[PDB]
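Below is coords_14.pdb, which holds PDB, C-alpha atoms.
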ATOM      1  CA  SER D   8       0.000   0.000   0.000
ATOM      2  CA  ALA D   9       1.262   3.495  -1.045
ATOM      3  CA  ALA D  10      -1.563   5.356   0.824
ATOM      4  CA  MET D  11      -0.264   3.709   4.038
ATOM      5  CA  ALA D  12       3.281   4.629   2.999
ATOM      6  CA  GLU D  13       2.086   8.184   2.739
ATOM      7  CA  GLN D  14       0.263   8.041   6.141
ATOM      8  CA  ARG D  15       3.275   6.377   8.011
ATOM      9  CA  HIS D  16       5.499   9.054   6.453
ATOM     10  CA  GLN D  17       3.333  11.843   7.675
ATOM     11  CA  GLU D  18       3.215  10.320  11.167
ATOM     12  CA  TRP D  19       7.040  10.017  11.200
ATOM     13  CA  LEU D  20       7.370  13.634  10.047
ATOM     14  CA  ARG D  21       5.022  14.719  12.816
ATOM     15  CA  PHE D  22       7.363  13.129  15.376
ATOM     16  CA  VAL D  23      10.408  14.740  13.723
ATOM     17  CA  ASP D  24       8.690  18.179  13.898
ATOM     18  CA  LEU D  25       7.609  17.661  17.477
ATOM     19  CA  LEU D  26      11.185  16.813  18.571
ATOM     20  CA  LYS D  27      12.574  19.775  16.575
ATOM     21  CA  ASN D  28      10.117  21.995  18.450
ATOM     22  CA  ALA D  29      11.142  20.381  21.789
ATOM     23  CA  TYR D  30      14.796  21.147  21.194
ATOM     24  CA  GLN D  31      13.807  24.735  20.440
ATOM     25  CA  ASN D  32      11.967  24.840  23.795
ATOM     26  CA  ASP D  33      14.605  22.956  25.751
ATOM     27  CA  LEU D  34      12.178  20.104  26.345
ATOM     28  CA  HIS D  35      14.003  17.536  24.211
ATOM     29  CA  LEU D  36      15.488  15.630  27.170
ATOM     30  CA  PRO D  37      12.160  14.951  28.934
ATOM     31  CA  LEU D  38      10.434  14.303  25.532
ATOM     32  CA  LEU D  39      13.112  11.694  24.591
ATOM     33  CA  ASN D  40      12.796  10.083  28.035
ATOM     34  CA  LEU D  41       9.106   9.754  27.590
ATOM     35  CA  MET D  42       9.086   8.610  23.926
ATOM     36  CA  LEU D  43      11.989   6.153  23.901
ATOM     37  CA  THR D  44      12.492   3.078  26.033
ATOM     38  CA  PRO D  45      15.663   2.764  28.146
ATOM     39  CA  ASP D  46      16.963   0.065  25.779
ATOM     40  CA  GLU D  47      16.253   2.258  22.718
ATOM     41  CA  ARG D  48      18.170   5.178  24.290
ATOM     42  CA  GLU D  49      21.061   2.902  25.124
ATOM     43  CA  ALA D  50      21.000   1.546  21.560
ATOM     44  CA  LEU D  51      21.203   5.109  20.205
ATOM     45  CA  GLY D  52      24.197   5.977  22.365
ATOM     46  CA  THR D  53      25.956   2.782  21.246
ATOM     47  CA  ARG D  54      25.070   3.287  17.582
ATOM     48  CA  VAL D  55      26.869   6.642  17.539
ATOM     49  CA  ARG D  56      29.962   4.733  18.544
ATOM     50  CA  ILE D  57      29.359   1.971  15.985
ATOM     51  CA  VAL D  58      28.957   4.592  13.245
ATOM     52  CA  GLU D  59      32.119   6.391  14.462
ATOM     53  CA  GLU D  60      34.079   3.093  14.305
ATOM     54  CA  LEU D  61      32.596   2.102  10.893
ATOM     55  CA  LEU D  62      33.734   5.520   9.455
ATOM     56  CA  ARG D  63      37.164   5.202  11.170
ATOM     57  CA  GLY D  64      37.622   1.785   9.495
ATOM     58  CA  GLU D  65      40.127   0.386  12.086
ATOM     59  CA  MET D  66      37.942  -2.141  13.939
ATOM     60  CA  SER D  67      37.204  -5.568  12.331
ATOM     61  CA  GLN D  68      33.782  -7.247  12.400
ATOM     62  CA  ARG D  69      35.043  -9.249  15.383
ATOM     63  CA  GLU D  70      36.330  -6.212  17.313
ATOM     64  CA  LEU D  71      33.029  -4.448  16.768
ATOM     65  CA  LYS D  72      31.191  -7.509  18.151
ATOM     66  CA  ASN D  73      33.596  -7.527  21.141
ATOM     67  CA  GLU D  74      33.246  -3.886  21.935
ATOM     68  CA  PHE D  75      29.611  -3.184  21.198
ATOM     69  CA  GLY D  76      27.893  -6.581  21.145
ATOM     70  CA  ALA D  77      26.973  -5.740  17.487
ATOM     71  CA  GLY D  78      26.694  -8.886  15.313
ATOM     72  CA  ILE D  79      27.019  -9.173  11.531
ATOM     73  CA  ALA D  80      23.443  -8.185  10.825
ATOM     74  CA  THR D  81      23.611  -5.019  12.871
ATOM     75  CA  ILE D  82      26.958  -4.015  11.401
ATOM     76  CA  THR D  83      25.599  -4.722   7.908
ATOM     77  CA  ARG D  84      22.584  -2.595   8.546
ATOM     78  CA  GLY D  85      24.986   0.250   9.656
ATOM     79  CA  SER D  86      27.131  -0.132   6.539
ATOM     80  CA  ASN D  87      24.085  -0.256   4.286
ATOM     81  CA  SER D  88      22.600   2.862   5.927
ATOM     82  CA  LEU D  89      25.918   4.781   5.469
ATOM     83  CA  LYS D  90      25.827   3.804   1.772
ATOM     84  CA  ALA D  91      22.191   4.860   1.459
ATOM     85  CA  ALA D  92      22.797   8.120   3.313
ATOM     86  CA  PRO D  93      23.182  11.426   1.399
ATOM     87  CA  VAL D  94      26.873  12.059   0.884
ATOM     88  CA  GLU D  95      26.637  15.355   2.872
ATOM     89  CA  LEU D  96      25.494  13.355   5.958
ATOM     90  CA  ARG D  97      28.376  10.862   5.625
ATOM     91  CA  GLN D  98      30.925  13.671   5.158
ATOM     92  CA  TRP D  99      29.459  15.734   8.056
ATOM     93  CA  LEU D 100      29.575  12.653  10.352
ATOM     94  CA  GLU D 101      33.269  12.053   9.448
ATOM     95  CA  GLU D 102      33.923  15.697  10.499
ATOM     96  CA  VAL D 103      31.916  15.637  13.733
ATOM     97  CA  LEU D 104      32.465  12.061  14.966
ATOM     98  CA  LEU D 105      36.137  11.624  14.145
ATOM     99  CA  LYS D 106      37.233  15.168  15.175
TER
ATOM    100  CA  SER G   5      29.822  -4.968  43.042
ATOM    101  CA  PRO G   6      26.078  -5.048  42.232
ATOM    102  CA  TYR G   7      25.760  -1.593  40.773
ATOM    103  CA  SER G   8      28.227   0.398  38.677
ATOM    104  CA  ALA G   9      27.785   4.213  38.895
ATOM    105  CA  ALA G  10      30.837   4.462  36.584
ATOM    106  CA  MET G  11      29.115   2.453  33.841
ATOM    107  CA  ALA G  12      25.828   4.294  34.425
ATOM    108  CA  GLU G  13      27.608   7.667  33.813
ATOM    109  CA  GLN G  14      29.432   6.243  30.752
ATOM    110  CA  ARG G  15      26.073   5.262  29.264
ATOM    111  CA  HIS G  16      24.596   8.623  30.074
ATOM    112  CA  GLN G  17      27.549  10.421  28.357
ATOM    113  CA  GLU G  18      27.008   8.176  25.244
ATOM    114  CA  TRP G  19      23.323   9.171  25.301
ATOM    115  CA  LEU G  20      24.173  12.910  25.599
ATOM    116  CA  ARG G  21      26.541  12.546  22.654
ATOM    117  CA  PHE G  22      23.615  11.298  20.508
ATOM    118  CA  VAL G  23      21.333  14.065  21.873
ATOM    119  CA  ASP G  24      23.974  16.720  20.890
ATOM    120  CA  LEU G  25      24.641  15.102  17.463
ATOM    121  CA  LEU G  26      20.910  15.277  16.703
ATOM    122  CA  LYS G  27      20.680  18.887  18.080
ATOM    123  CA  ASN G  28      23.398  19.896  15.589
ATOM    124  CA  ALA G  29      21.723  17.956  12.801
ATOM    125  CA  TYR G  30      18.474  19.837  13.324
ATOM    126  CA  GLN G  31      20.488  23.157  13.151
ATOM    127  CA  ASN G  32      22.040  22.235   9.819
ATOM    128  CA  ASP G  33      18.979  20.433   8.295
ATOM    129  CA  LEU G  34      20.556  16.982   8.313
ATOM    130  CA  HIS G  35      18.136  15.671  10.979
ATOM    131  CA  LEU G  36      15.989  13.557   8.596
ATOM    132  CA  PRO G  37      18.881  11.584   7.075
ATOM    133  CA  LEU G  38      20.642  11.282  10.491
ATOM    134  CA  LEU G  39      17.403   9.724  12.009
ATOM    135  CA  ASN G  40      17.134   7.373   8.980
ATOM    136  CA  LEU G  41      20.666   6.214   9.725
ATOM    137  CA  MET G  42      20.309   5.984  13.525
ATOM    138  CA  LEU G  43      16.896   4.380  13.912
ATOM    139  CA  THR G  44      15.467   1.295  12.263
ATOM    140  CA  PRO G  45      12.343   1.538  10.125
ATOM    141  CA  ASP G  46      10.362  -0.245  12.906
ATOM    142  CA  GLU G  47      11.663   2.216  15.549
ATOM    143  CA  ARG G  48      10.724   5.200  13.364
ATOM    144  CA  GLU G  49       7.238   3.687  12.900
ATOM    145  CA  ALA G  50       7.018   3.145  16.656
ATOM    146  CA  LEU G  51       7.917   6.781  17.338
ATOM    147  CA  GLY G  52       5.320   8.040  14.827
ATOM    148  CA  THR G  53       2.693   5.835  16.521
ATOM    149  CA  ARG G  54       3.794   6.925  20.013
ATOM    150  CA  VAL G  55       2.957  10.545  19.087
ATOM    151  CA  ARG G  56      -0.647   9.306  18.394
ATOM    152  CA  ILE G  57      -0.640   7.496  21.711
ATOM    153  CA  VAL G  58       0.362  10.661  23.643
ATOM    154  CA  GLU G  59      -2.185  12.738  21.675
ATOM    155  CA  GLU G  60      -5.071  10.234  22.413
ATOM    156  CA  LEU G  61      -4.130   9.906  26.056
ATOM    157  CA  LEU G  62      -4.219  13.713  26.436
ATOM    158  CA  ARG G  63      -7.413  14.091  24.410
ATOM    159  CA  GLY G  64      -9.219  11.666  26.790
ATOM    160  CA  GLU G  65     -11.825  10.662  24.174
ATOM    161  CA  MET G  66     -10.713   7.035  23.703
ATOM    162  CA  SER G  67     -11.750   4.489  26.349
ATOM    163  CA  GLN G  68      -9.182   2.103  27.859
ATOM    164  CA  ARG G  69     -10.611  -0.646  25.625
ATOM    165  CA  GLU G  70     -10.356   1.557  22.507
ATOM    166  CA  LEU G  71      -6.784   2.506  23.452
ATOM    167  CA  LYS G  72      -5.803  -1.136  23.747
ATOM    168  CA  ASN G  73      -7.565  -2.103  20.505
ATOM    169  CA  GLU G  74      -5.841   0.704  18.582
ATOM    170  CA  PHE G  75      -2.371   0.585  20.161
ATOM    171  CA  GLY G  76      -2.018  -2.759  21.867
ATOM    172  CA  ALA G  77       1.049  -3.655  23.923
ATOM    173  CA  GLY G  78       2.871  -0.659  22.420
ATOM    174  CA  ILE G  79       1.023   1.682  24.675
ATOM    175  CA  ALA G  80       2.924   0.667  27.860
ATOM    176  CA  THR G  81       5.951   2.579  26.700
ATOM    177  CA  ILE G  82       3.909   5.703  27.204
ATOM    178  CA  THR G  83       1.600   4.795  30.102
ATOM    179  CA  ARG G  84       3.853   2.561  32.233
ATOM    180  CA  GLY G  85       7.537   2.062  33.034
ATOM    181  CA  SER G  86      10.243   4.521  34.241
ATOM    182  CA  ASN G  87       9.222   7.566  32.197
ATOM    183  CA  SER G  88       5.472   7.453  31.740
ATOM    184  CA  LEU G  89       3.188  10.282  30.600
ATOM    185  CA  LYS G  90       1.798  10.514  34.184
ATOM    186  CA  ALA G  91       5.349  10.943  35.454
ATOM    187  CA  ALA G  92       6.427  13.581  32.905
ATOM    188  CA  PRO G  93       7.370  17.178  33.996
ATOM    189  CA  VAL G  94       4.300  19.454  33.987
ATOM    190  CA  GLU G  95       5.970  21.772  31.520
ATOM    191  CA  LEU G  96       6.273  18.890  29.062
ATOM    192  CA  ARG G  97       2.652  17.686  29.539
ATOM    193  CA  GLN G  98       1.420  21.249  29.055
ATOM    194  CA  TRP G  99       3.517  21.909  25.982
ATOM    195  CA  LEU G 100       2.375  18.522  24.566
ATOM    196  CA  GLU G 101      -1.261  19.463  25.184
ATOM    197  CA  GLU G 102      -0.621  22.747  23.400
ATOM    198  CA  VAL G 103       1.146  21.291  20.391
ATOM    199  CA  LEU G 104      -0.641  17.940  19.950
ATOM    200  CA  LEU G 105      -4.176  19.228  20.577
ATOM    201  CA  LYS G 106      -4.091  22.443  18.420
TER
END
Re-express the file's structure as structure tokens.
Amino acid sequence: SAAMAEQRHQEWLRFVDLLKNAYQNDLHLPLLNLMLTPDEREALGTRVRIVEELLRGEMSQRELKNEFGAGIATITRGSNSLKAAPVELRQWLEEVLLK
Amino acid sequence: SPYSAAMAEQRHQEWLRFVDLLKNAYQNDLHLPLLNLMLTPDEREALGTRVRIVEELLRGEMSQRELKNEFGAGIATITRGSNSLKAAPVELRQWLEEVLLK
């Protein structure tokens, strides 16, 4: 269904706008506590580190598993997402995460 | 020992690093592709649905039965657990009422 696609998209955008507005109002921290589970927040903090190590390119698949608990699927998803990402995002992340 | 404050603070610093990365992304209009990279499609769908849950809980029109029919087990992230809607800062609940019920 493409009408669902549309509706899911609009609902996602609504969340993105809400959070943007929270940051503007300095309510992002309590909004993110409410909206994300503890495990999802932990995952997000760890995925910044995974992305940072995928861009750095030093750690092997096995070291990434050792350090982050991230198996082949999760690492593949990360690699795929970096390939799918707009090039400006990948370049900006290399600047901000590896600085 | 049974509880590590050192590890708890390390996790919190990792969390703050994401929160600041996203803050900066919003400022330079890279928030949408950063969230596509950081969150899975299921997690983004969950977040979009959780906005509806907060909105319906504030609106007070749906019965408990209707809430459960519409949102199922998903709802407990908002109504139960360590950071529930009941527990949220008043300033957040009020701002949510303002924004979500306009």
Which neighbours of residue D:22 fall inside 7 Å, counting only C-alpha atoms, when residues of the same chain fewer than 2 positions from it are skipped, and could you give them as a ChimeraX atom specification?
/D:18-20,24-26 /G:51-52,55
Once the PyMOL selection byres ((chain G and resi 102-106) around 9) is applied to the coordinates I shared, what remains selected? I want it as a list in words.
residues 25 of chain D; 55, 56, 58, 59, 62, 63, 97, 98, 99, 100 and 101 of chain G
Rounded to one decimal in Å, what is the spacing between atom CA of residue G:91 and atom CA of residue G:64?
17.0 Å
Taking the file as shown, find all residues satisfying the PyMOL selection byres ((chain D) within 8 of (chain G)) and write them as an NGL selection string.
:D and (15 or 18-23 or 25 or 27 or 30 or 34 or 37-38 or 40-44 or 48-49 or 51-55 or 85 or 88-89 or 92-93 or 96)
Expected selection from the PyMOL selection byres ((chain D and resi 69-79) around 9), given as a ChimeraX atom specification
/D:53-54,56-57,60-61,66-68,80-84
Which polymer residues have any atom within 9 Å of an atom of residue G:71, counting all atoms listed in the file, with same-chain residues fewer than 4 positions away left out, as a list in words?
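Surrounding residues, per the criterion: residues 57, 60, 61, 66, 67, 75, 76 and 79 of chain G.
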Given the choices G:24, G:70, G:7, G:65, which gets closest to residue D:103 if the distance is worked out from only C-alpha atoms?
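Closest candidate: G:24.
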Atom CA of residue G:45 to atom CA of residue G:74, straight-line distance in Å:
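Those two atoms sit 20.1 Å apart.
Take atom CA of residue G:32 and atom CA of residue D:12: the distance between them is 26.6 Å.
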Repaired coordinates for stretch 18-39 of chain D (N, CA, C and O atoms) as a CSV table (one decimal), in the coordinates of the input:
chain,number,residue,atom,x,y,z
D,18,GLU,N,3.2,10.5,9.7
D,18,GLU,CA,3.2,10.3,11.2
D,18,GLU,C,4.7,10.4,11.7
D,18,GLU,O,4.9,10.9,12.8
D,19,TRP,N,5.6,10.0,10.8
D,19,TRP,CA,7.0,10.0,11.2
D,19,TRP,C,7.4,11.5,11.2
D,19,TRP,O,8.0,12.0,12.1
D,20,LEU,N,7.0,12.2,10.1
D,20,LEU,CA,7.4,13.6,10.0
D,20,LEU,C,6.8,14.4,11.2
D,20,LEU,O,7.5,15.3,11.7
D,21,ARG,N,5.6,14.1,11.7
D,21,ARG,CA,5.0,14.7,12.8
D,21,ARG,C,5.9,14.5,14.1
D,21,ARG,O,6.1,15.5,14.8
D,22,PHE,N,6.5,13.3,14.2
D,22,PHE,CA,7.4,13.1,15.4
D,22,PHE,C,8.7,14.0,15.2
D,22,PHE,O,9.1,14.6,16.1
D,23,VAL,N,9.2,14.0,14.0
D,23,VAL,CA,10.4,14.7,13.7
D,23,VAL,C,10.2,16.2,14.0
D,23,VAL,O,11.1,16.9,14.7
D,24,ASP,N,9.0,16.8,13.6
D,24,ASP,CA,8.7,18.2,13.9
D,24,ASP,C,8.5,18.4,15.4
D,24,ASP,O,9.0,19.4,15.9
D,25,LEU,N,7.8,17.5,16.0
D,25,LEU,CA,7.6,17.7,17.5
D,25,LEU,C,8.9,17.8,18.2
D,25,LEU,O,9.1,18.6,19.1
D,26,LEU,N,9.9,16.9,17.9
D,26,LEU,CA,11.2,16.8,18.6
D,26,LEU,C,12.0,18.1,18.2
D,26,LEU,O,12.7,18.6,19.1
D,27,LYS,N,11.9,18.5,17.0
D,27,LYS,CA,12.6,19.8,16.6
D,27,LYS,C,12.1,20.9,17.5
D,27,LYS,O,12.9,21.7,18.1
D,28,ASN,N,10.8,21.0,17.6
D,28,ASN,CA,10.1,22.0,18.4
D,28,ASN,C,10.5,21.8,19.9
D,28,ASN,O,10.8,22.8,20.6
D,29,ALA,N,10.6,20.6,20.4
D,29,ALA,CA,11.1,20.4,21.8
D,29,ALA,C,12.5,20.9,22.0
D,29,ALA,O,12.8,21.5,23.0
D,30,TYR,N,13.4,20.7,21.0
D,30,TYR,CA,14.8,21.1,21.2
D,30,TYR,C,14.7,22.7,21.3
D,30,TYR,O,15.4,23.3,22.0
D,31,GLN,N,13.9,23.3,20.4
D,31,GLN,CA,13.8,24.7,20.4
D,31,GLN,C,13.3,25.2,21.8
D,31,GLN,O,13.7,26.4,22.2
D,32,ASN,N,12.6,24.4,22.5
D,32,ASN,CA,12.0,24.8,23.8
D,32,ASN,C,12.7,24.3,25.0
D,32,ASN,O,12.2,24.4,26.1
D,33,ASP,N,13.8,23.6,24.7
D,33,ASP,CA,14.6,23.0,25.8
D,33,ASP,C,13.8,21.8,26.5
D,33,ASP,O,14.1,21.6,27.7
D,34,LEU,N,12.9,21.2,25.8
D,34,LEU,CA,12.2,20.1,26.3
D,34,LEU,C,12.5,18.8,25.7
D,34,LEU,O,11.8,17.8,25.9
D,35,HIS,N,13.7,18.8,24.9
D,35,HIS,CA,14.0,17.5,24.2
D,35,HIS,C,14.4,16.4,25.2
D,35,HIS,O,14.0,15.2,24.9
D,36,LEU,N,15.1,16.7,26.3
D,36,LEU,CA,15.5,15.6,27.2
D,36,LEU,C,14.3,14.9,27.8
D,36,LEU,O,14.3,13.7,27.8
D,37,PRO,N,13.3,15.6,28.4
D,37,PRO,CA,12.2,15.0,28.9
D,37,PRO,C,11.3,14.3,27.8
D,37,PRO,O,10.7,13.3,28.0
D,38,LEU,N,11.2,14.9,26.6
D,38,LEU,CA,10.4,14.3,25.5
D,38,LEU,C,11.1,12.9,25.1
D,38,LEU,O,10.4,12.0,25.0
D,39,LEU,N,12.4,12.9,25.0
D,39,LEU,CA,13.1,11.7,24.6
D,39,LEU,C,13.0,10.6,25.7
D,39,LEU,O,12.9,9.4,25.4
